[PDB]
Amino acid sequence: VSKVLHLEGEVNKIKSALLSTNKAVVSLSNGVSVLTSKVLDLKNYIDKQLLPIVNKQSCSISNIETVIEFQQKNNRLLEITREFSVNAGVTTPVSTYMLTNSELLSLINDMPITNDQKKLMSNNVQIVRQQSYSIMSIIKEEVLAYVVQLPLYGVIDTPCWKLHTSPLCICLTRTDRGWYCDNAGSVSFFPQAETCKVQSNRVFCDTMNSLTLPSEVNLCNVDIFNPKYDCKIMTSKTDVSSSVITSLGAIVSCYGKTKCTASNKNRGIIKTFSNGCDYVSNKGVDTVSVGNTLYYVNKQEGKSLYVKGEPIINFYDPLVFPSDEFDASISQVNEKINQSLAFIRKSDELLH
Amino acid sequence: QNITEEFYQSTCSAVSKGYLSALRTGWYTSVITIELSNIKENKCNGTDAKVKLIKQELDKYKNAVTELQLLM
Amino acid sequence: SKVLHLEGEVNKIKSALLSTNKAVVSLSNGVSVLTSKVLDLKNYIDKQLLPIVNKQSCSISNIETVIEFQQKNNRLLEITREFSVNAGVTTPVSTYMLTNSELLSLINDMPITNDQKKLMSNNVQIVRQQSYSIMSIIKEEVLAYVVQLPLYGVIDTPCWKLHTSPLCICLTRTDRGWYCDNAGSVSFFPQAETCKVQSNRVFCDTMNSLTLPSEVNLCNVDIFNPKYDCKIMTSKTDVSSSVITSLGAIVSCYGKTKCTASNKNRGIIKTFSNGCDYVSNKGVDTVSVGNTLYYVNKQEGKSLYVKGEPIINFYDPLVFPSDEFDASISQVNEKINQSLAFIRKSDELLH
Amino acid sequence: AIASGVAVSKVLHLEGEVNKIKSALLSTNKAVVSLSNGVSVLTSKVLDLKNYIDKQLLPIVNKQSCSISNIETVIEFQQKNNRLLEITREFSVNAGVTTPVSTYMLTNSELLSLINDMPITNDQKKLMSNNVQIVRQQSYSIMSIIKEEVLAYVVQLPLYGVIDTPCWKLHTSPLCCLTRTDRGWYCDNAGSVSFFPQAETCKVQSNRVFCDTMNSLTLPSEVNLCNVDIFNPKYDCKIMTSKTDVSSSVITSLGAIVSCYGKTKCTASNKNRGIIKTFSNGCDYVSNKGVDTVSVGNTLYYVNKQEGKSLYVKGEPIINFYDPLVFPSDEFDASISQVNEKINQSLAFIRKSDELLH
Amino acid sequence: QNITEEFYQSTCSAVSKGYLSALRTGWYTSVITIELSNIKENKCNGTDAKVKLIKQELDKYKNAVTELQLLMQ
Amino acid sequence: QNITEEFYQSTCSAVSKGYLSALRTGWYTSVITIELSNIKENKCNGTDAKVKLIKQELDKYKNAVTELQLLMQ
Amino acid sequence: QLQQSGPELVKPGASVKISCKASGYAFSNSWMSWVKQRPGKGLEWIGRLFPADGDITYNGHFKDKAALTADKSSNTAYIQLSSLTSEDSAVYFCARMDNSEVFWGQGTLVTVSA
Amino acid sequence: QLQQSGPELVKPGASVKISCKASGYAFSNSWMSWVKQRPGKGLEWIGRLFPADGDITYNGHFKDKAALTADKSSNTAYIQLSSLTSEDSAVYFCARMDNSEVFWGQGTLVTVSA
Amino acid sequence: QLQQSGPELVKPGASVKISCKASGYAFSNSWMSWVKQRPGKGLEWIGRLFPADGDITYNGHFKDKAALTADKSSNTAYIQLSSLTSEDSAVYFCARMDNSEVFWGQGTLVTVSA
Amino acid sequence: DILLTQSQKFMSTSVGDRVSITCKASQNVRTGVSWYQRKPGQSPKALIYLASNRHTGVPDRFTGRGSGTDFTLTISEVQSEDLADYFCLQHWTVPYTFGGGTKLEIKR
Amino acid sequence: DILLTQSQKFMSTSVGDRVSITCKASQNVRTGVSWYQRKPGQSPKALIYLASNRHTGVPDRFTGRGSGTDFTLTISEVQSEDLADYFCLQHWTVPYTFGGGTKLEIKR
Amino acid sequence: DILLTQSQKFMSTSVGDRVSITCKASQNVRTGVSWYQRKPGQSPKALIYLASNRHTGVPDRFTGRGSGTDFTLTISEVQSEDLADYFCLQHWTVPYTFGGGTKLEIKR
Ligand SMILES: *[C@@H]1O[C@H](CO)[C@@H](O)[C@H](O)[C@H]1NC(C)=O
Ligand SMILES: *[C@@H]1O[C@H](CO)[C@@H](O)[C@H](O)[C@H]1NC(C)=O
Ligand SMILES: *[C@@H]1O[C@H](CO)[C@@H](O)[C@H](O)[C@H]1NC(C)=O
């Protein structure tokens, strides 16, 4: 109310307050102008340390899904390499990536052979594989060509028997053992012990390795000195003791001071033997002692055994960020900018 | 049960018959022509300038190819 | 006069400067918590990004040990496998335990003539089927095994395989096998397959052979030779037989056995009488003896294809549009320093 | 101006500066235009960076975290399941019957248990523990049942009748001019002599042989005396006939027999002493210690095996390398704390300038 | 050193003795029942919608199983 | 074309001659001494504390080594 | 060999099997077949079967009219011929088509029961 | 065969080995054993050894009293029996338990030196 | 065996091949060679070739003077000797160095055409 | 299926004559066919096995050839006893189709 | 170990008699045992090998059976010469345990 | 190449004499050499094959040894008929080098 003494003291008071209002911006604008440098430091940290980093692996770790998938999808060619690295062109028997199951079945049905044999070949699918062969012919970087070879058959369903010969009392012994096949006007004979394969009812042999005989040699089982056939003989006068194990029984040729004993594993000894040839069957007989040599006729059981494991589980963790209320807090600051305009515009009314 | 056997005291021999057979008299031959798949060579810069799975594994197949064709 | 005139606006700017500081309440607080906002993002790269990525950088780096253990060291990897199964004695020698060139050096190592050495370089595949490898010392850094190769005595003596057939009483031969010219004798091989198979060459053992005089070539004319006991199997009862060779066929047809030669494109060429006879494989492919059909020429099949197609890798790189964003930062960086023009010109008023 | 009663000569002193601070307070709010706008769009700038971690980083990494985690099954599936992985492969090729038994289908120790399982004597069991490699060449494995969770197969092992009866391999040679026909393995037996006509049913070891019994011949013990008498009245044996010609030589494992005859030139030699001798018409024996090479006609024989050399395939180990992650946070956050200081020392003038209400 | 040999000028033969032997007269059989371990199938979206290492490798074992069981009758 | 054959009606035999041969009369033996390469054990902390490809694969080689050396006496 | 039964009468509302027995021959491992004949139409294939394994085929134009069975113990085939008419009245033949046996049955004179 | 030595006197403060020699027999590749007997207690197993390889076993209740050695050259076993008393005074038997040799020694009459 | 041609005259401005034919011998699978001789200098190796495969070697000091060819059909070798002087006038020998054939030619008396 | 077409139904020759008979097919069947005879009120009989093989008990004047889709059945030196009906049969893959059937006659 | 229990220590029969003797075990040992004789001041002798085999030089009236944990030793037609002490022995896995030992007598 | 050095060019002995001749080499060549004769105006002849083997038709008084880089050619009981020129030849790897050549004489 004292126009000179009043009306300017508070004006002096707001003078430095307005100077502090411009000393405000020193506190205000500097810390945010260097905060601009702070986010550029974070802009510089994603510049070289994040984005050049991750994409290098994105082609580097993508190489193994070529590498495993080179060995995943192309697996059938990968096995067939390594046998001809070792088996050297001739491979036996034919494997199952060399020739899988279905193209066996088609190539059986391809050939100009009767259904009477074709159904039999489909039956013994495993044995014919042991008589099949393959030879590498042409092998290049995009070319892989090899000759598949399969056998063909002449006769079907002629009967057979394996011999087991034993010395008979002077005291002689036999000569002839092997397989026997009914043939056209003839008896096929196989001198070698294992040209023929093993199956419960069937055998499969070669023809370039066989002997041919007349059917009168079935009468060699009665007479020795047959005028019908020179039944082959192995001479002796000095005795020799022998026993021959068959697949379904046993023959003994015990003699003299040799002690011979048939036995059972649950009934003990069933019997002993005299001087001379005798036959026993495998159902009650399992072990036979000849001299000090114990023989077995029935095969020996063992036990079972287990190698055990348990499955495994994959684990990771996903990714996450709590953005929304954070961005709503940004929206809270976004509110503060525009309601500051109410402080701006109302205070800026005073020009008029 | 149809397979059996017998014995001959006249000769001290044996016969295990009941079988039936077939014998090989020829051959049947054919040709198989399997091909392969492969990849291209990527143009990128990776992490290490040493790991060459695209090359040092792929030529190892081609190291086998030069071996086997010299077995003729 | 105008006392209430120069005071009312002074009252008006009083709250305007008061609201100016009340604007700083709106100004300073939202940026002060924006400092907390970037620290949340500083806290999110603190634990959820930088500890994450580098764990795989040693974890996924382990497989480029694992595949590269099996990539570069592949030659030792196969040779582990056979002695796991072939058990010390390996036959025939593979091509990772002996990679081709160290055959060629070890051929040229041995004190044998060039006359044999060039022949061994020729049949590179057959000699591999007669070679052997035996494991001797196998440790964690030691892998020592014995490579074994055959040596040869004679070169280029002629040969022939026999095929006997019963001739008419009606007897039968015995002896079959291979025949080698020898110094003062004839080598003979009783066993069917001690000798290996090649179109012009055979390669057999010597501890498994028989020795014969050269007069046994005259067994093909005379049977009861005073020069040599040409071997025989007795018979009076007849037996019908046919023997397939590699390059023809022999028949011993007789009696009521029906025997027929044929061709797959010309049908039947002929039939046969009672007695031995020879046919060649060029016109003849099938021969029926009794009910047994034989084949002489091998049977063709077809071709078959297993087909695939190549595969392609794909990814996407990384990217960011930084520059105009940083220019927009530079736009704000302009705003800080031109604010100084609002600062300093307003701050002239002290003097 | 001049304003009477309202500080007459002082209106340029009083209200002139009031006009000067009027635009200064106006420019103060015009500074807020410079102030508030650049930070309000800086809010948009961090949201751009919030939008860049939104889709381009955070959904990226976890896709590989499933995708790379597949090969830590696939490499691992071929790692600890390895024993089943080999035994798939042989029955793909050996077709049911596998010989000899490998060492993943029977990993050593379960031979040692199954040796000790069987009701056979310790006298053989210790011998089977000795020759562990040969019995493996006589064992067999046959696939019985094979399914997705089932893998069952028959392991088969031989059993033995006799132990420790002596043996010898023969080497017969033509003698003047006749030759023999009788050669094979020989075994002492109960009242009998076992004979093996086939050349290789028996396995090879320095002191031991192991043969089959269903493939043998039985002989009386008087056939040891075919070696002195040819035409034994007790029991003579078989020979092949020739008249007065063949030259021959037979290589043994530990020596050599010659049957040099007629005009055939025969020569024993040494690789360091040269020729030791030559031969006459008739049978003769040489030992392998001084003799290594023998020429018969033009056929050079070897008795001692031939040495070669050693050869090396060499490599060197490899080293892994990477780099860790890092950030210099603390003084960066202290600079943030320096700005955090600036927010709170802003309050110094704030309360002081706003004191002026009272 | 205990293995030796001799010679017979009477027949031009030889004997390499010093050995001792054993002969096969039977069989001992047994049963082995090894099992396996495996994995589960993960339920998450990866990078590529083509790479099926969980499936296209695992069935390749099952492609072998159907093969070998068709070698028995 | 130089390989041919003939026939003998006198004995019902055959001769397929035209060949030329060689026979084994010795051995040539030598020694191969291949070595291997390997790695070191890294010192890092990875993602999972279970996956041991550095160890559980490398010992599997050494599991083979103890097997094979027990096939010798 | 073989043996085949006698005549037959078909009927609207009937299905019937016919007996053909292997007369003393190795039987269990070889095919069988059937073929019908009508004059003015000639021979007409029917089908083929294998015994003791049960491989059964069909002429698809004929497949629904009939079904194939057999005895492996007494070696006797059967074919259940459903309700047909006089246009299918024919003589029917049990026949094997082996290289070992090209044999033919005794025929089966079939008309309609009327 | 075998041969075993004569009597023995044990002593508090003594350990002694006993000789058993293979009397003309293929020796290097077969076991040996030992068993003691006391009347009123019967037979009592001791142990078993293999020569020229050195497989040594023990009865664990007896294991600390004695140690097993052998000669493979002169084919002679030894067993160092430490300081015992009259309750262990017994007759001791060198014995092989082969299918080829079930043999037994001559016994070893052992009491205390007194 | 072998047979070699007669004398020769070299010439400044000439190259000429010489004929050596395999006289009745298994030829296609064995080496050949050549050696020259000058008195006061002695024997001097030239080279070696294999027929029907074409393995050709050279003495590198001599390699540019000559070239090696052969006939595998009429079994005849050839060597194109280029324009030389009297210091290379010598007698030249077709020679095989086999264990089966150590043979030598008839010589080739060569001087300069003058 | 695969259709079979014969040339005609009847014949006319003299006795002792050689007659060539061919039926054809639509597709190559790899020699898997056979030929037959047929007599009125009597069972048929198989003649040419795998298009090549004369079966047992069949006279030697009976010949046949062919490999592709066309197959020749050539009969030589006919008699009064051989006047039967004759036909083919597809024998390679099911279904099995017949030939047209051909009755043999002379002088008409 | 595995314990062995015999039935008794003594016997009483007539001469020429058949005597069945059994000792038992705690666990199945897969036929790996043997039986013996013993004479006073004399060495023992092995009789039944692998619980099955009569050894060489041993008279034929001596029998034995058993497979499980229980094993029968059956002697037939005794005489005055066979009056010995008799016992068993575990023979399968170490340690080796004896039977109880049995002296054979008559008429008491 | 590999150089070969002989001891001298001429000899002087009596008849019926034993003469030891050695040429040496620079490096071990694993027994792959041979020795020869030579007569004036006449073809040479190979004598010692693979440094060990006397060839066919060559008299028995002609011996040779050596294994390393040094190889002895020892001739025994000379005659007037054997007075030829004599030399060696490298025979293992190309190029092939000769010995120095040695003419044999007596009494001078
Ligand atoms: C490797 O990365 C650098 C980074 O700029 C680039 O220049 C170079 O072309 C890259 N190399 C390859 C082979 O991609
Ligand atoms: C693949 O990712 C998309 C992204 O949202 C999601 O919707 C979909 O379910 C995912 N698929 C699978 C199989 O997880
Ligand atoms: C695993 O990571 C933690 C994180 O701090 C560290 O303390 C520890 O040493 C790490 N372990 C290994 C084996 O590196």
# chains A, B, ... in the order shown; residues from 1 in each chain; ligands from 1

call {"tool": "interface_residues", "arguments": {"of": "chain C", "to": "chain I", "cutoff": "9 Å", "atoms": "only C-alpha atoms", "output": "PyMOL selection string"}}
result
chain C and resi 113-115+118-119

call {"tool": "write_last_selection", "arguments": {"atoms": "N, CA and C atoms", "output": "CSV table (one decimal), in the first residue's frame"}}
result
chain,number,residue,atom,x,y,z
C,113,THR,N,60.1,-108.8,-57.6
C,113,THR,CA,60.3,-108.2,-59.0
C,113,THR,C,59.2,-107.3,-59.5
C,114,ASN,N,59.5,-106.5,-60.4
C,114,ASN,CA,58.5,-105.6,-61.1
C,114,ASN,C,57.5,-106.4,-61.9
C,115,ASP,N,57.9,-107.6,-62.3
C,115,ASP,CA,57.1,-108.5,-63.1
C,115,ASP,C,55.9,-108.9,-62.3
C,118,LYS,N,53.7,-105.2,-61.0
C,118,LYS,CA,52.7,-104.6,-61.9
C,118,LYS,C,51.5,-105.4,-62.0
C,119,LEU,N,51.6,-106.7,-61.9
C,119,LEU,CA,50.4,-107.6,-61.8
C,119,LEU,C,49.6,-107.3,-60.6

call {"tool": "residues_near_ligand", "arguments": {"ligand": "ligand 1", "cutoff": "12 Å", "atoms": "only C-alpha atoms and all ligand atoms", "output": "list in words"}}
result
residues 48, 52, 53, 55, 56, 59 and 60 of chain A; 41, 42, 43, 44, 45, 46, 47, 48, 49 and 50 of chain B

call {"tool": "residues_near_ligand", "arguments": {"ligand": "ligand 2", "cutoff": "10 Å", "atoms": "only C-alpha atoms and all ligand atoms", "output": "PyMOL selection string"}}
result
(chain D and resi 59+63) or (chain E and resi 42-49)

call {"tool": "residues_around", "arguments": {"residues": "region 76-82 of chain G", "least_positions_apart": "3", "cutoff": "10 Å", "atoms": "only C-alpha atoms", "output": "JSON, numbers by chain"}}
result
{"G": [2, 3, 4, 10, 11, 12, 13, 14, 15, 16, 17, 18, 19, 20, 21, 22, 23, 32, 34, 49, 51, 64, 65, 66, 67, 68, 69, 70, 71, 72, 73, 85, 94]}

call {"tool": "write_last_selection", "arguments": {"atoms": "N, CA, C and O atoms", "output": "CSV table (one decimal), in the first residue's frame"}}
result
chain,number,residue,atom,x,y,z
G,2,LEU,N,-7.3,-136.2,-57.6
G,2,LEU,CA,-8.5,-135.5,-57.1
G,2,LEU,C,-9.7,-136.4,-57.3
G,2,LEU,O,-9.7,-137.4,-58.0
G,3,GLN,N,-10.8,-135.9,-56.7
G,3,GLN,CA,-12.2,-136.5,-56.9
G,3,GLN,C,-13.2,-135.4,-56.6
G,3,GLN,O,-13.0,-134.6,-55.7
G,4,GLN,N,-14.2,-135.3,-57.5
G,4,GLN,CA,-15.2,-134.3,-57.4
G,4,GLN,C,-16.6,-134.9,-57.2
G,4,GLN,O,-16.8,-136.0,-57.7
G,10,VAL,N,-29.4,-125.7,-57.9
G,10,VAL,CA,-29.5,-124.4,-57.3
G,10,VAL,C,-30.9,-124.0,-57.1
G,10,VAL,O,-31.9,-124.6,-57.6
G,11,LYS,N,-31.2,-122.9,-56.4
G,11,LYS,CA,-32.5,-122.6,-55.8
G,11,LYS,C,-32.5,-121.1,-55.5
G,11,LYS,O,-31.5,-120.6,-54.9
G,12,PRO,N,-33.5,-120.4,-55.8
G,12,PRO,CA,-33.7,-119.0,-55.3
G,12,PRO,C,-34.0,-119.0,-53.8
G,12,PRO,O,-35.1,-119.4,-53.4
G,13,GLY,N,-33.0,-118.7,-53.0
G,13,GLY,CA,-33.1,-118.9,-51.6
G,13,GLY,C,-32.2,-120.0,-51.1
G,13,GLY,O,-32.6,-120.7,-50.1
G,14,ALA,N,-31.0,-120.2,-51.7
G,14,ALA,CA,-30.1,-121.2,-51.2
G,14,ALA,C,-28.7,-120.9,-51.5
G,14,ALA,O,-28.4,-120.2,-52.5
G,15,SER,N,-27.8,-121.4,-50.7
G,15,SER,CA,-26.4,-121.4,-50.9
G,15,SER,C,-25.8,-122.7,-50.5
G,15,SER,O,-26.2,-123.3,-49.4
G,16,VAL,N,-24.8,-123.2,-51.2
G,16,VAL,CA,-24.4,-124.6,-51.0
G,16,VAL,C,-22.9,-124.7,-51.4
G,16,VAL,O,-22.4,-124.1,-52.3
G,17,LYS,N,-22.2,-125.6,-50.6
G,17,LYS,CA,-20.8,-125.8,-50.9
G,17,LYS,C,-20.6,-127.2,-51.6
G,17,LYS,O,-21.4,-128.1,-51.3
G,18,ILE,N,-19.6,-127.3,-52.4
G,18,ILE,CA,-19.3,-128.5,-53.2
G,18,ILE,C,-18.0,-129.1,-52.7
G,18,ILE,O,-17.0,-128.4,-52.4
G,19,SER,N,-17.9,-130.4,-52.7
G,19,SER,CA,-16.8,-131.1,-52.1
G,19,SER,C,-15.8,-131.6,-53.3
G,19,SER,O,-16.3,-132.3,-54.2
G,20,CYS,N,-14.6,-131.3,-53.1
G,20,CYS,CA,-13.5,-131.9,-54.0
G,20,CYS,C,-12.3,-132.3,-53.1
G,20,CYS,O,-11.8,-131.5,-52.4
G,21,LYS,N,-12.0,-133.6,-53.2
G,21,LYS,CA,-11.0,-134.1,-52.3
G,21,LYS,C,-9.7,-134.5,-53.0
G,21,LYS,O,-9.8,-135.1,-54.1
G,22,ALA,N,-8.6,-134.3,-52.4
G,22,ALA,CA,-7.3,-134.6,-53.0
G,22,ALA,C,-7.1,-136.1,-52.9
G,22,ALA,O,-6.9,-136.7,-51.8
G,23,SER,N,-7.2,-136.8,-54.0
G,23,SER,CA,-7.1,-138.3,-54.0
G,23,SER,C,-5.6,-138.7,-54.0
G,23,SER,O,-5.0,-139.1,-55.0
G,32,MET,N,-4.9,-124.4,-55.5
G,32,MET,CA,-6.1,-124.9,-56.2
G,32,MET,C,-6.7,-123.8,-57.1
G,32,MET,O,-6.3,-122.6,-57.0
G,34,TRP,N,-10.5,-122.8,-59.8
G,34,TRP,CA,-11.9,-123.2,-60.3
G,34,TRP,C,-12.1,-122.4,-61.6
G,34,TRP,O,-11.7,-121.2,-61.7
G,49,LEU,N,-7.3,-120.6,-54.6
G,49,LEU,CA,-7.0,-120.6,-53.2
G,49,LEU,C,-5.8,-121.5,-52.9
G,49,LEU,O,-5.5,-122.4,-53.6
G,51,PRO,N,-4.3,-123.9,-49.6
G,51,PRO,CA,-4.8,-124.5,-48.4
G,51,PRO,C,-3.7,-124.4,-47.3
G,51,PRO,O,-2.5,-124.3,-47.5
G,64,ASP,N,-19.0,-111.4,-55.4
G,64,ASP,CA,-20.1,-111.4,-54.4
G,64,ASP,C,-21.0,-112.6,-54.5
G,64,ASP,O,-21.7,-112.9,-53.5
G,65,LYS,N,-21.0,-113.4,-55.5
G,65,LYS,CA,-21.8,-114.5,-55.7
G,65,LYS,C,-21.4,-115.7,-54.8
G,65,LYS,O,-22.2,-116.5,-54.4
G,66,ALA,N,-20.1,-115.8,-54.4
G,66,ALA,CA,-19.6,-117.0,-53.8
G,66,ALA,C,-18.5,-116.7,-52.8
G,66,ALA,O,-17.9,-115.6,-52.8
G,67,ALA,N,-18.2,-117.7,-52.0
G,67,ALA,CA,-17.1,-117.6,-51.0
G,67,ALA,C,-16.3,-118.9,-51.0
G,67,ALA,O,-16.9,-120.0,-51.3
G,68,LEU,N,-15.1,-118.9,-50.7
G,68,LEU,CA,-14.1,-120.0,-50.8
G,68,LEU,C,-13.7,-120.5,-49.4
G,68,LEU,O,-13.2,-119.7,-48.6
G,69,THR,N,-13.9,-121.8,-49.2
G,69,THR,CA,-13.4,-122.4,-48.0
G,69,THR,C,-12.7,-123.7,-48.4
G,69,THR,O,-12.8,-124.2,-49.5
G,70,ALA,N,-12.1,-124.4,-47.4
G,70,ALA,CA,-11.4,-125.6,-47.6
G,70,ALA,C,-11.2,-126.4,-46.3
G,70,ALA,O,-11.3,-125.8,-45.2
G,71,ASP,N,-11.0,-127.7,-46.4
G,71,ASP,CA,-10.5,-128.5,-45.3
G,71,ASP,C,-9.1,-128.9,-45.6
G,71,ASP,O,-8.8,-129.3,-46.7
G,72,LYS,N,-8.2,-128.6,-44.7
G,72,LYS,CA,-6.8,-129.0,-44.8
G,72,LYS,C,-6.6,-130.4,-44.2
G,72,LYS,O,-5.6,-131.1,-44.5
G,73,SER,N,-7.5,-130.8,-43.3
G,73,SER,CA,-7.3,-132.1,-42.7
G,73,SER,C,-7.8,-133.3,-43.6
G,73,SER,O,-7.0,-134.2,-43.8
G,85,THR,N,-29.6,-118.3,-61.0
G,85,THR,CA,-30.6,-118.6,-61.9
G,85,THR,C,-30.0,-119.6,-63.0
G,85,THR,O,-28.9,-120.1,-62.9
G,94,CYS,N,-13.2,-128.5,-60.4
G,94,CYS,CA,-12.1,-128.5,-59.5
G,94,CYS,C,-10.8,-128.7,-60.2
G,94,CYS,O,-10.6,-129.8,-60.8

call {"tool": "closest_atom_pairs", "arguments": {"of": "chain C", "to": "chain B", "cutoff": "7 Å", "atoms": "only C-alpha atoms", "output": "JSON lines"}}
result
{"residue": "C:71", "atom": "CA", "partner": "B:57", "partner_atom": "CA", "distance": 6.2}
{"residue": "C:100", "atom": "CA", "partner": "B:67", "partner_atom": "CA", "distance": 6.9}
{"residue": "C:124", "atom": "CA", "partner": "B:71", "partner_atom": "CA", "distance": 6.4}
{"residue": "C:125", "atom": "CA", "partner": "B:71", "partner_atom": "CA", "distance": 5.4}
{"residue": "C:294", "atom": "CA", "partner": "B:25", "partner_atom": "CA", "distance": 5.7}
{"residue": "C:295", "atom": "CA", "partner": "B:26", "partner_atom": "CA", "distance": 5.3}
{"residue": "C:298", "atom": "CA", "partner": "B:27", "partner_atom": "CA", "distance": 5.5}
{"residue": "C:299", "atom": "CA", "partner": "B:28", "partner_atom": "CA", "distance": 4.8}
{"residue": "C:300", "atom": "CA", "partner": "B:29", "partner_atom": "CA", "distance": 5.4}
{"residue": "C:301", "atom": "CA", "partner": "B:30", "partner_atom": "CA", "distance": 4.5}
{"residue": "C:302", "atom": "CA", "partner": "B:30", "partner_atom": "CA", "distance": 5.4}
{"residue": "C:303", "atom": "CA", "partner": "B:31", "partner_atom": "CA", "distance": 4.7}
{"residue": "C:304", "atom": "CA", "partner": "B:32", "partner_atom": "CA", "distance": 4.9}
{"residue": "C:305", "atom": "CA", "partner": "B:33", "partner_atom": "CA", "distance": 4.9}
{"residue": "C:306", "atom": "CA", "partner": "B:34", "partner_atom": "CA", "distance": 4.5}
{"residue": "C:307", "atom": "CA", "partner": "B:35", "partner_atom": "CA", "distance": 5.7}
{"residue": "C:308", "atom": "CA", "partner": "B:37", "partner_atom": "CA", "distance": 5.7}
{"residue": "C:309", "atom": "CA", "partner": "B:37", "partner_atom": "CA", "distance": 5.1}
{"residue": "C:310", "atom": "CA", "partner": "B:37", "partner_atom": "CA", "distance": 4.4}
{"residue": "C:311", "atom": "CA", "partner": "B:39", "partner_atom": "CA", "distance": 5.6}
{"residue": "C:312", "atom": "CA", "partner": "B:39", "partner_atom": "CA", "distance": 6.1}

call {"tool": "interface_residues", "arguments": {"of": "chain J", "to": "chain A", "cutoff": "8 Å", "atoms": "only C-alpha atoms", "output": "short mmCIF file (atom, residue, chain, number, x, y, z; two decimals) with N, CA and C atoms, in the first residue's frame"}}
result
data_model
loop_
_atom_site.label_atom_id
_atom_site.label_comp_id
_atom_site.auth_asym_id
_atom_site.auth_seq_id
_atom_site.Cartn_x
_atom_site.Cartn_y
_atom_site.Cartn_z
N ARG J 30 5.70 -111.78 -70.08
CA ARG J 30 6.96 -112.42 -69.68
C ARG J 30 6.82 -113.94 -69.63
N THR J 31 6.29 -114.51 -70.72
CA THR J 31 6.27 -115.94 -71.04
C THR J 31 5.40 -116.75 -70.06
N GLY J 32 4.53 -116.09 -69.30
CA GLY J 32 3.74 -116.81 -68.32
C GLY J 32 2.37 -117.23 -68.80
N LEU J 50 4.93 -122.98 -69.27
CA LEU J 50 5.65 -121.71 -69.29
C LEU J 50 5.88 -121.19 -70.70
#

call {"tool": "residues_around", "arguments": {"residues": "residue 36 (chain J)", "least_positions_apart": "2", "cutoff": "12 Å", "atoms": "only C-alpha atoms", "output": "ChimeraX atom specification"}}
result
/G:97,102 /J:33-34,38-39,43-49,51,54-55,58,62,64,73,84-90,98-103

call {"tool": "residues_around", "arguments": {"residues": "residue 52 (chain K)", "least_positions_apart": "5", "cutoff": "8 Å", "atoms": "only C-alpha atoms", "output": "MDAnalysis selection string"}}
result
(chainID A and resid 265 268) or (chainID K and resid 64:65)

call {"tool": "write_last_selection", "arguments": {"atoms": "C-alpha atoms", "output": "PDB file, in the first residue's frame"}}
result
ATOM      1  CA  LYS A 265      19.650-135.415 -15.894  1.00  0.00           C
ATOM      2  CA  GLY A 268      20.275-140.515 -13.286  1.00  0.00           C
TER       3      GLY A 268
ATOM      4  CA  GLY K  64      23.192-140.991  -7.429  1.00  0.00           C
ATOM      5  CA  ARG K  65      20.601-138.420  -8.523  1.00  0.00           C
TER       6      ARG K  65
END
